[PDB]
file my_file_29.cif (mmCIF, C-alpha atoms and all ligand atoms)
data_query
loop_
_atom_site.label_atom_id
_atom_site.label_comp_id
_atom_site.auth_asym_id
_atom_site.auth_seq_id
_atom_site.Cartn_x
_atom_site.Cartn_y
_atom_site.Cartn_z
CA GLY X 4 23.68 9.34 4.01
CA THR X 5 21.61 6.15 4.06
CA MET X 6 18.41 5.38 2.16
CA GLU X 7 16.51 5.65 5.46
CA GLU X 8 17.01 9.42 5.78
CA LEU X 9 16.39 10.08 2.07
CA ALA X 10 12.81 8.82 2.39
CA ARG X 11 12.29 10.97 5.49
CA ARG X 12 13.57 14.09 3.73
CA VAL X 13 11.48 13.50 0.60
CA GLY X 14 8.42 12.80 2.74
CA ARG X 15 8.93 16.03 4.67
CA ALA X 16 9.23 18.00 1.42
CA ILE X 17 6.05 16.46 -0.02
CA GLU X 18 4.21 17.01 3.27
CA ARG X 19 5.23 20.68 3.20
CA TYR X 20 3.90 20.94 -0.35
CA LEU X 21 0.61 19.21 0.52
CA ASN X 22 0.01 21.36 3.61
CA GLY X 23 0.47 24.47 1.45
CA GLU X 24 3.72 25.73 2.98
CA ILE X 25 5.66 25.57 -0.31
CA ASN X 26 4.64 25.72 -3.97
CA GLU X 27 5.37 23.50 -6.97
CA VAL X 28 8.65 25.15 -8.03
CA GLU X 29 10.03 25.19 -4.48
CA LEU X 30 9.06 21.53 -4.06
CA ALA X 31 10.70 20.58 -7.36
CA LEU X 32 13.93 22.40 -6.51
CA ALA X 33 14.12 20.94 -2.99
CA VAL X 34 13.35 17.36 -4.02
CA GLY X 35 15.78 17.53 -6.94
CA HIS X 36 18.48 18.80 -4.60
CA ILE X 37 17.76 15.96 -2.17
CA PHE X 38 17.96 13.37 -4.96
CA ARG X 39 21.20 14.86 -6.32
CA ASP X 40 22.75 14.86 -2.82
CA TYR X 41 22.24 11.09 -2.47
CA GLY X 42 23.57 10.27 -5.94
CA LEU X 43 20.27 9.15 -7.50
CA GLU X 44 20.45 10.75 -10.94
CA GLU X 45 17.50 8.79 -12.36
CA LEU X 46 15.10 10.37 -9.85
CA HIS X 47 16.74 13.76 -10.47
CA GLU X 48 15.94 13.63 -14.19
CA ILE X 49 12.30 12.88 -13.32
CA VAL X 50 12.13 15.84 -10.93
CA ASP X 51 13.69 17.99 -13.67
CA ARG X 52 10.53 17.45 -15.73
CA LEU X 53 8.41 18.86 -12.89
CA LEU X 54 10.82 21.79 -12.63
CA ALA X 55 10.35 22.36 -16.38
CA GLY X 56 6.55 22.36 -16.03
CA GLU X 57 6.02 19.43 -18.40
CA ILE X 58 4.29 17.22 -15.81
CA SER X 59 2.32 17.75 -12.61
CA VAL X 60 3.01 16.65 -9.04
CA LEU X 61 0.90 13.48 -9.30
CA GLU X 62 2.49 12.28 -12.55
CA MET X 63 5.94 12.99 -11.12
CA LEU X 64 5.04 10.95 -8.02
CA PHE X 65 3.90 8.06 -10.22
CA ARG X 66 7.13 8.13 -12.24
CA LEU X 67 9.21 8.38 -9.06
CA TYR X 68 7.45 5.32 -7.65
CA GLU X 69 8.08 3.37 -10.86
CA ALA X 70 11.78 4.30 -10.75
CA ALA X 71 12.10 3.46 -7.04
CA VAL X 72 10.62 0.04 -7.76
CA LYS X 73 13.48 -0.61 -10.18
CA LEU X 74 16.06 0.77 -7.74
CA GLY X 75 14.69 -1.24 -4.81
CA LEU X 76 14.14 1.58 -2.30
CA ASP X 77 11.36 0.52 0.08
CA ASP X 78 10.81 3.40 2.51
CA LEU X 79 10.83 5.75 -0.48
CA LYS X 80 8.16 3.52 -2.03
CA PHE X 81 6.00 3.77 1.10
CA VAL X 82 6.45 7.56 1.28
CA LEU X 83 5.59 7.96 -2.41
CA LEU X 84 2.51 5.73 -2.15
CA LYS X 85 1.25 7.66 0.87
CA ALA X 86 1.78 10.93 -1.01
CA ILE X 87 -0.04 9.57 -4.08
CA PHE X 88 -3.00 8.40 -1.99
CA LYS X 89 -3.06 11.77 -0.20
CA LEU X 90 -3.08 13.75 -3.45
CA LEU X 91 -6.07 11.69 -4.55
CA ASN X 92 -8.44 12.30 -1.66
CA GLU X 93 -8.56 8.79 -0.13
CA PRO X 94 -7.78 8.60 3.60
CA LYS X 95 -8.66 4.89 3.80
CA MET X 96 -5.98 3.88 1.30
CA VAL X 97 -3.48 6.02 3.22
CA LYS X 98 -4.43 4.16 6.40
CA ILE X 99 -3.95 0.83 4.62
CA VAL X 100 -0.51 1.94 3.42
CA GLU X 101 0.38 3.07 6.95
CA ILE X 102 -0.52 -0.33 8.43
CA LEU X 103 1.44 -2.02 5.64
CA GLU X 104 4.45 0.15 6.49
CA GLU X 105 4.15 -0.88 10.15
CA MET X 106 4.10 -4.55 9.15
CA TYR X 107 7.13 -4.06 6.89
CA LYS X 108 9.05 -2.26 9.64
CA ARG X 109 8.24 -5.05 12.09
CA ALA X 110 9.32 -7.68 9.53
CA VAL X 111 12.69 -6.13 8.64
CA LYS X 112 14.03 -6.22 12.22
CA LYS X 113 13.76 -10.03 12.39
CA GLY X 114 14.61 -13.01 10.20
CA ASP X 115 11.20 -13.11 8.52
CA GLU X 116 11.98 -12.78 4.81
CA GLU X 117 8.94 -14.58 3.37
CA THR X 118 6.66 -11.70 4.41
CA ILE X 119 8.84 -9.19 2.53
CA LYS X 120 7.83 -10.74 -0.79
CA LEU X 121 4.15 -10.71 0.22
CA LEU X 122 4.37 -7.04 1.19
CA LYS X 123 6.08 -6.29 -2.13
CA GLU X 124 3.30 -7.98 -4.13
CA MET X 125 0.65 -6.12 -2.15
CA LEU X 126 2.53 -2.86 -2.74
CA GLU X 127 2.35 -3.68 -6.45
CA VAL X 128 -1.40 -4.25 -6.15
CA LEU X 129 -1.85 -0.95 -4.29
CA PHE X 130 0.14 0.89 -6.97
CA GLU X 131 -2.13 -0.61 -9.63
CA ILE X 132 -5.13 0.48 -7.53
CA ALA X 133 -3.78 4.05 -7.47
CA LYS X 134 -3.21 3.98 -11.24
CA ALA X 135 -6.76 2.74 -11.84
CA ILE X 136 -8.15 5.43 -9.53
CA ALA X 137 -6.22 8.11 -11.44
CA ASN X 138 -7.90 6.93 -14.66
CA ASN X 139 -11.31 6.71 -12.90
CA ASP X 140 -11.52 3.02 -13.87
CA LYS X 141 -14.01 2.01 -11.20
CA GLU X 142 -14.48 -1.50 -12.59
CA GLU X 143 -10.77 -2.37 -12.31
CA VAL X 144 -10.53 -1.07 -8.73
CA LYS X 145 -12.90 -3.79 -7.49
CA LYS X 146 -10.90 -6.56 -9.17
CA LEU X 147 -7.62 -5.18 -7.82
CA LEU X 148 -9.09 -4.95 -4.31
CA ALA X 149 -10.28 -8.56 -4.61
CA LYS X 150 -6.72 -9.60 -5.48
CA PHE X 151 -5.49 -7.57 -2.50
CA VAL X 152 -7.95 -9.38 -0.21
CA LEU X 153 -6.72 -12.72 -1.58
CA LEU X 154 -3.14 -11.70 -0.77
CA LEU X 155 -4.19 -10.72 2.76
CA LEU X 156 -5.93 -14.10 3.08
CA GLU X 157 -2.66 -15.79 2.14
CA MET X 158 -0.83 -13.72 4.77
CA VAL X 159 -3.34 -14.56 7.51
CA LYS X 160 -3.20 -18.26 6.60
CA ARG X 161 0.60 -18.13 6.90
CA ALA X 162 0.41 -16.20 10.18
CA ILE X 163 -2.10 -18.51 11.88
CA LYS X 164 0.18 -21.54 11.58
CA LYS X 165 2.82 -19.38 13.31
CA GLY X 166 2.68 -17.65 16.68
CA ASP X 167 2.16 -14.13 15.35
CA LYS X 168 -0.64 -12.19 17.06
CA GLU X 169 -0.17 -8.51 16.17
CA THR X 170 -0.09 -9.49 12.49
CA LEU X 171 -3.62 -10.88 12.87
CA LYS X 172 -4.84 -7.62 14.43
CA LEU X 173 -3.26 -5.51 11.69
CA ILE X 174 -4.72 -7.74 8.97
CA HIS X 175 -8.13 -7.54 10.65
CA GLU X 176 -7.92 -3.73 10.66
CA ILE X 177 -6.89 -3.66 6.99
CA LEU X 178 -9.71 -6.03 6.03
CA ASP X 179 -12.28 -3.92 7.89
CA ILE X 180 -11.08 -0.81 6.04
CA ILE X 181 -11.27 -2.71 2.73
CA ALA X 182 -14.83 -3.83 3.51
CA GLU X 183 -15.79 -0.23 4.27
CA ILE X 184 -14.25 0.83 0.94
CA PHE X 185 -16.24 -1.88 -0.86
CA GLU X 186 -19.44 -0.71 0.82
CA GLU X 187 -18.72 2.89 -0.22
CA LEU X 188 -18.20 1.63 -3.80
CA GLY X 189 -21.72 0.20 -4.00
CA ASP X 190 -20.75 -3.47 -3.64
CA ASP X 191 -21.85 -6.05 -1.08
CA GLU X 192 -20.56 -9.49 -2.11
CA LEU X 193 -16.90 -8.45 -2.09
CA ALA X 194 -17.49 -6.62 1.18
CA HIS X 195 -19.01 -9.82 2.58
CA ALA X 196 -15.93 -11.77 1.47
CA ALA X 197 -13.63 -9.23 3.14
CA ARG X 198 -15.63 -9.35 6.37
CA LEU X 199 -15.62 -13.16 6.24
CA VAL X 200 -11.82 -13.20 6.05
CA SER X 201 -11.68 -10.64 8.87
CA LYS X 202 -13.98 -12.78 11.02
CA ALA X 203 -11.86 -15.87 10.38
CA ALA X 204 -8.72 -13.95 11.39
CA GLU X 205 -10.41 -12.68 14.56
CA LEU X 206 -11.66 -16.17 15.46
CA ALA X 207 -8.17 -17.62 15.02
CA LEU X 208 -6.67 -14.80 17.11
CA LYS X 209 -9.27 -15.30 19.85
CA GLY X 210 -8.36 -18.96 20.35
CA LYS X 211 -10.91 -20.86 18.25
CA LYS X 212 -8.85 -21.62 15.14
CA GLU X 213 -10.91 -24.66 14.10
CA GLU X 214 -13.93 -22.65 12.94
CA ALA X 215 -11.55 -20.29 11.13
CA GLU X 216 -10.59 -22.84 8.47
CA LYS X 217 -14.07 -23.53 7.08
CA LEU X 218 -14.61 -19.77 6.94
CA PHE X 219 -11.30 -19.46 5.07
CA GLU X 220 -12.29 -21.98 2.40
CA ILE X 221 -15.75 -20.39 2.06
CA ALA X 222 -14.26 -16.91 1.69
CA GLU X 223 -11.54 -17.93 -0.77
CA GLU X 224 -14.04 -19.82 -2.93
CA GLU X 225 -16.36 -16.81 -2.96
CA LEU X 226 -13.49 -14.47 -3.87
CA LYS X 227 -12.37 -16.74 -6.72
CA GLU X 228 -15.94 -16.76 -8.06
CA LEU X 229 -16.27 -12.97 -7.80
CA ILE X 230 -12.89 -12.29 -9.43
CA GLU X 231 -14.24 -13.81 -12.66
ZN ZN Q 301 18.43 18.66 -12.86
ZN ZN Q 302 -25.21 -7.93 2.50
#
call {"tool": "encode", "arguments": {"input": "my_file_29.cif", "output": "structure tokens"}}
result
Amino acid sequence: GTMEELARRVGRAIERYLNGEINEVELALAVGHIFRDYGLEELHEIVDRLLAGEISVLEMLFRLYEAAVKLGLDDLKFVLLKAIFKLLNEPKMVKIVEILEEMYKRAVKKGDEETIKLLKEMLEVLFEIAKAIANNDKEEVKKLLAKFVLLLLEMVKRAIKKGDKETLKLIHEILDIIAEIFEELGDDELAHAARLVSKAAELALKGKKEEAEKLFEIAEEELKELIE
């Protein structure tokens, strides 16, 4: 079939594995069969390694995401990222990925193609965040999240000059989750920058978009200082 149903089938298989309905060998066999049915041999060879016991579920998910990036499958990328951030116990990152998927789905049904690139770059940043979390590199996670907040700031700046309103609400929700994550990581300046960007977005959405700009410059300057 189409690449839309492949992502749904793979997501259902991984969800069954995570909920405990099936085991590792059953998951490997089912996902390999799904990949072979759609003609994707490169993903099938990766799943063969999990079937052979060489690698684990998380490493296989990472390799599958890297291969899907090269192949250009987007819904598969979102499914794989959600599965990765569910294997590592982080509900907040899963919520961020869910909101990002909603924005991508809204963007693909219209002519907006500039936001697709932004969502791709932020997917790259989130993948790097997951890789740093897997290595327990807590210093790199903060820098990657700062880059993610800068990308969200770029998106909100682009959206304000347009008529989009639900984009502002989704970005505000994402920024609030990011600020909560920063607070739980024992940081306050980056959390303050995230909340400043969120406040600017909310002020622009409310109707007062003149006070939003000074907040935007203040927040971006602070983020650039804290990235170094
Ligand atoms: Zn095989
Ligand atoms: Zn404070």
call {"tool": "closest_atom_pairs", "arguments": {"input": "my_file_29.cif", "of": "chain X", "to": "ligand ZN 302 (chain Q)", "cutoff": "7 Å", "atoms": "only C-alpha atoms and all ligand atoms", "output": "JSON lines"}}
result
{"residue": "X:191", "atom": "CA", "partner": "Q:ZN302", "partner_atom": "ZN", "distance": 5.3}
{"residue": "X:192", "atom": "CA", "partner": "Q:ZN302", "partner_atom": "ZN", "distance": 6.7}
{"residue": "X:195", "atom": "CA", "partner": "Q:ZN302", "partner_atom": "ZN", "distance": 6.5}
call {"tool": "closest_residue", "arguments": {"input": "my_file_29.cif", "among": "X:82, X:99, X:196, X:49", "to": "ligand ZN 301 (chain Q)", "atoms": "all atoms listed in the file"}}
result
X:49
call {"tool": "residues_around", "arguments": {"input": "my_file_29.cif", "residues": "residue 223 in chain X", "least_positions_apart": "5", "cutoff": "12 Å", "atoms": "all atoms listed in the file", "output": "compact mmCIF listing (two decimals) with C-alpha atoms, in the frame of the given file"}}
result
# COMPACT_ATOMS: atom_id res chain seq x y z
CA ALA X 149 -10.28 -8.56 -4.61
CA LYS X 150 -6.72 -9.60 -5.48
CA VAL X 152 -7.95 -9.38 -0.21
CA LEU X 153 -6.72 -12.72 -1.58
CA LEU X 154 -3.14 -11.70 -0.77
CA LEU X 155 -4.19 -10.72 2.76
CA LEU X 156 -5.93 -14.10 3.08
CA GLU X 157 -2.66 -15.79 2.14
CA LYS X 160 -3.20 -18.26 6.60
CA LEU X 193 -16.90 -8.45 -2.09
CA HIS X 195 -19.01 -9.82 2.58
CA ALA X 196 -15.93 -11.77 1.47
CA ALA X 197 -13.63 -9.23 3.14
CA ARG X 198 -15.63 -9.35 6.37
CA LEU X 199 -15.62 -13.16 6.24
CA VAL X 200 -11.82 -13.20 6.05
CA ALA X 203 -11.86 -15.87 10.38
CA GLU X 216 -10.59 -22.84 8.47
CA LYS X 217 -14.07 -23.53 7.08
CA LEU X 218 -14.61 -19.77 6.94
CA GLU X 228 -15.94 -16.76 -8.06
CA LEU X 229 -16.27 -12.97 -7.80
CA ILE X 230 -12.89 -12.29 -9.43
call {"tool": "atom_distance", "arguments": {"input": "my_file_29.cif", "atom1": "CA of residue 65 in chain X", "atom2": "CA of residue 183 in chain X"}}
result
25.8 Å
call {"tool": "closest_residue", "arguments": {"input": "my_file_29.cif", "among": "X:17, X:204, X:32, X:10", "to": "ligand ZN 301 (chain Q)", "atoms": "all atoms listed in the file"}}
result
X:32
call {"tool": "residues_around", "arguments": {"input": "my_file_29.cif", "residues": "residue 182 in chain X", "least_positions_apart": "2", "cutoff": "6 Å", "atoms": "only C-alpha atoms", "output": "PyMOL selection string"}}
result
chain X and resi 179-180+184-185+194+197
call {"tool": "residues_near_ligand", "arguments": {"input": "my_file_29.cif", "ligand": "ligand ZN 301 (chain Q)", "cutoff": "9 Å", "atoms": "only C-alpha atoms and all ligand atoms", "output": "count of residues only"}}
result
12
call {"tool": "atom_distance", "arguments": {"input": "my_file_29.cif", "atom1": "CA of residue 101 in chain X", "atom2": "CA of residue 85 in chain X"}}
result
7.7 Å
call {"tool": "closest_residue", "arguments": {"input": "my_file_29.cif", "among": "X:61, X:181, X:162, X:215", "to": "residue 27 in chain X", "atoms": "only C-alpha atoms"}}
result
X:61
call {"tool": "residues_near_point", "arguments": {"input": "my_file_29.cif", "point": "(-4.1, 4.8, 2.0)", "cutoff": "12 Å", "atoms": "all atoms listed in the file", "output": "JSON, numbers by chain"}}
result
{"X": [81, 82, 83, 84, 85, 86, 87, 88, 89, 90, 91, 92, 93, 94, 95, 96, 97, 98, 99, 100, 101, 102, 103, 104, 126, 129, 130, 132, 133, 177, 180, 181, 184]}
call {"tool": "residues_around", "arguments": {"input": "my_file_29.cif", "residues": "residue 163 in chain X", "least_positions_apart": "4", "cutoff": "10 Å", "atoms": "all atoms listed in the file", "output": "count of residues only"}}
result
11
call {"tool": "axis_aligned_box", "arguments": {"input": "my_file_29.cif", "around": "range 185-202 of chain X", "padding_each_side": "4 Å", "output": "lines of an AutoDock Vina configuration file"}}
result
center_x = -16.8
center_y = -5.2
center_z = 3.5
size_x = 18.2
size_y = 24.1
size_z = 23.0
call {"tool": "atom_distance", "arguments": {"input": "my_file_29.cif", "atom1": "CA of residue 138 in chain X", "atom2": "CA of residue 25 in chain X"}}
result
27.2 Å
call {"tool": "closest_residue", "arguments": {"input": "my_file_29.cif", "among": "X:214, X:45, X:24, X:57", "to": "residue 73 in chain X", "atoms": "all atoms listed in the file"}}
result
X:45
call {"tool": "closest_residue", "arguments": {"input": "my_file_29.cif", "among": "X:116, X:190, X:105, X:127", "to": "residue 141 in chain X", "atoms": "all atoms listed in the file"}}
result
X:190
call {"tool": "residues_near_point", "arguments": {"input": "my_file_29.cif", "point": "(4.6, -5.8, 3.2)", "cutoff": "6 Å", "atoms": "all atoms listed in the file", "output": "PDB file with C-alpha atoms, in the frame of the given file"}}
result
ATOM      1  CA  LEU X 103       1.440  -2.020   5.640  1.00  0.00           C
ATOM      2  CA  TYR X 107       7.130  -4.060   6.890  1.00  0.00           C
ATOM      3  CA  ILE X 119       8.840  -9.190   2.530  1.00  0.00           C
ATOM      4  CA  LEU X 121       4.150 -10.710   0.220  1.00  0.00           C
ATOM      5  CA  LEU X 122       4.370  -7.040   1.190  1.00  0.00           C
ATOM      6  CA  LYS X 123       6.080  -6.290  -2.130  1.00  0.00           C
TER       7      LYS X 123
END
call {"tool": "closest_residue", "arguments": {"input": "my_file_29.cif", "among": "X:55, X:13, X:33, X:144", "to": "residue 67 in chain X", "atoms": "only C-alpha atoms"}}
result
X:13
call {"tool": "build_atoms", "arguments": {"input": "my_file_29.cif", "residues": "range 97-117 of chain X", "atoms": "N, CA, C and O atoms", "output": "PDB file, keeping the file's coordinate frame"}}
result
ATOM      1  N   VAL X  97      -4.633   5.560   2.454  1.00  0.00           N
ATOM      2  CA  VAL X  97      -3.480   6.020   3.220  1.00  0.00           C
ATOM      3  C   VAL X  97      -3.343   5.226   4.511  1.00  0.00           C
ATOM      4  O   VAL X  97      -2.236   4.861   4.920  1.00  0.00           O
ATOM      5  N   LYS X  98      -4.466   4.963   5.185  1.00  0.00           N
ATOM      6  CA  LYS X  98      -4.430   4.160   6.400  1.00  0.00           C
ATOM      7  C   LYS X  98      -3.952   2.739   6.117  1.00  0.00           C
ATOM      8  O   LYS X  98      -3.175   2.162   6.892  1.00  0.00           O
ATOM      9  N   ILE X  99      -4.413   2.156   5.009  1.00  0.00           N
ATOM     10  CA  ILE X  99      -3.950   0.830   4.620  1.00  0.00           C
ATOM     11  C   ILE X  99      -2.445   0.833   4.388  1.00  0.00           C
ATOM     12  O   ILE X  99      -1.725  -0.066   4.842  1.00  0.00           O
ATOM     13  N   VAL X 100      -1.941   1.855   3.690  1.00  0.00           N
ATOM     14  CA  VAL X 100      -0.510   1.940   3.420  1.00  0.00           C
ATOM     15  C   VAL X 100       0.273   2.123   4.719  1.00  0.00           C
ATOM     16  O   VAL X 100       1.372   1.584   4.880  1.00  0.00           O
ATOM     17  N   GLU X 101      -0.284   2.884   5.664  1.00  0.00           N
ATOM     18  CA  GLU X 101       0.380   3.070   6.950  1.00  0.00           C
ATOM     19  C   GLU X 101       0.495   1.753   7.712  1.00  0.00           C
ATOM     20  O   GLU X 101       1.558   1.434   8.259  1.00  0.00           O
ATOM     21  N   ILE X 102      -0.584   0.968   7.748  1.00  0.00           N
ATOM     22  CA  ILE X 102      -0.520  -0.330   8.430  1.00  0.00           C
ATOM     23  C   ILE X 102       0.457  -1.255   7.719  1.00  0.00           C
ATOM     24  O   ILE X 102       1.190  -2.018   8.362  1.00  0.00           O
ATOM     25  N   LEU X 103       0.486  -1.206   6.384  1.00  0.00           N
ATOM     26  CA  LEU X 103       1.440  -2.020   5.640  1.00  0.00           C
ATOM     27  C   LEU X 103       2.875  -1.624   5.965  1.00  0.00           C
ATOM     28  O   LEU X 103       3.758  -2.483   6.069  1.00  0.00           O
ATOM     29  N   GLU X 104       3.125  -0.322   6.118  1.00  0.00           N
ATOM     30  CA  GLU X 104       4.450   0.150   6.490  1.00  0.00           C
ATOM     31  C   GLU X 104       4.829  -0.336   7.887  1.00  0.00           C
ATOM     32  O   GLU X 104       5.984  -0.704   8.131  1.00  0.00           O
ATOM     33  N   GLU X 105       3.871  -0.333   8.820  1.00  0.00           N
ATOM     34  CA  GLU X 105       4.150  -0.880  10.150  1.00  0.00           C
ATOM     35  C   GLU X 105       4.512  -2.358  10.076  1.00  0.00           C
ATOM     36  O   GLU X 105       5.453  -2.806  10.741  1.00  0.00           O
ATOM     37  N   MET X 106       3.774  -3.135   9.277  1.00  0.00           N
ATOM     38  CA  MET X 106       4.100  -4.550   9.150  1.00  0.00           C
ATOM     39  C   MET X 106       5.480  -4.753   8.527  1.00  0.00           C
ATOM     40  O   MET X 106       6.245  -5.622   8.960  1.00  0.00           O
ATOM     41  N   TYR X 107       5.813  -3.957   7.510  1.00  0.00           N
ATOM     42  CA  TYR X 107       7.130  -4.060   6.890  1.00  0.00           C
ATOM     43  C   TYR X 107       8.241  -3.720   7.874  1.00  0.00           C
ATOM     44  O   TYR X 107       9.268  -4.410   7.933  1.00  0.00           O
ATOM     45  N   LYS X 108       8.047  -2.659   8.663  1.00  0.00           N
ATOM     46  CA  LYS X 108       9.050  -2.260   9.640  1.00  0.00           C
ATOM     47  C   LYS X 108       9.223  -3.320  10.719  1.00  0.00           C
ATOM     48  O   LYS X 108      10.343  -3.580  11.169  1.00  0.00           O
ATOM     49  N   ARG X 109       8.126  -3.938  11.156  1.00  0.00           N
ATOM     50  CA  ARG X 109       8.240  -5.050  12.090  1.00  0.00           C
ATOM     51  C   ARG X 109       8.958  -6.245  11.471  1.00  0.00           C
ATOM     52  O   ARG X 109       9.730  -6.916  12.163  1.00  0.00           O
ATOM     53  N   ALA X 110       8.723  -6.521  10.187  1.00  0.00           N
ATOM     54  CA  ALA X 110       9.320  -7.680   9.530  1.00  0.00           C
ATOM     55  C   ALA X 110      10.805  -7.515   9.241  1.00  0.00           C
ATOM     56  O   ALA X 110      11.525  -8.520   9.231  1.00  0.00           O
ATOM     57  N   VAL X 111      11.283  -6.294   8.995  1.00  0.00           N
ATOM     58  CA  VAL X 111      12.690  -6.130   8.640  1.00  0.00           C
ATOM     59  C   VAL X 111      13.639  -6.280   9.824  1.00  0.00           C
ATOM     60  O   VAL X 111      14.825  -6.571   9.618  1.00  0.00           O
ATOM     61  N   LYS X 112      13.159  -6.102  11.054  1.00  0.00           N
ATOM     62  CA  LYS X 112      14.030  -6.220  12.220  1.00  0.00           C
ATOM     63  C   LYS X 112      14.221  -7.666  12.675  1.00  0.00           C
ATOM     64  O   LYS X 112      14.990  -7.901  13.612  1.00  0.00           O
ATOM     65  N   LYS X 113      13.557  -8.630  12.039  1.00  0.00           N
ATOM     66  CA  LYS X 113      13.760 -10.030  12.390  1.00  0.00           C
ATOM     67  C   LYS X 113      14.143 -10.833  11.153  1.00  0.00           C
ATOM     68  O   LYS X 113      14.368 -10.264  10.080  1.00  0.00           O
ATOM     69  N   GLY X 114      14.221 -12.152  11.294  1.00  0.00           N
ATOM     70  CA  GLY X 114      14.610 -13.010  10.200  1.00  0.00           C
ATOM     71  C   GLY X 114      13.525 -13.336   9.204  1.00  0.00           C
ATOM     72  O   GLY X 114      13.777 -14.066   8.242  1.00  0.00           O
ATOM     73  N   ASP X 115      12.317 -12.819   9.413  1.00  0.00           N
ATOM     74  CA  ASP X 115      11.200 -13.110   8.520  1.00  0.00           C
ATOM     75  C   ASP X 115      11.436 -12.450   7.171  1.00  0.00           C
ATOM     76  O   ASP X 115      11.329 -11.228   7.038  1.00  0.00           O
ATOM     77  N   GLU X 116      11.768 -13.262   6.170  1.00  0.00           N
ATOM     78  CA  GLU X 116      11.980 -12.780   4.810  1.00  0.00           C
ATOM     79  C   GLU X 116      10.903 -13.224   3.843  1.00  0.00           C
ATOM     80  O   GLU X 116      10.849 -12.701   2.725  1.00  0.00           O
ATOM     81  N   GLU X 117      10.049 -14.172   4.232  1.00  0.00           N
ATOM     82  CA  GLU X 117       8.940 -14.580   3.370  1.00  0.00           C
ATOM     83  C   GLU X 117       7.853 -13.517   3.314  1.00  0.00           C
ATOM     84  O   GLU X 117       7.177 -13.389   2.288  1.00  0.00           O
TER      85      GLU X 117
END
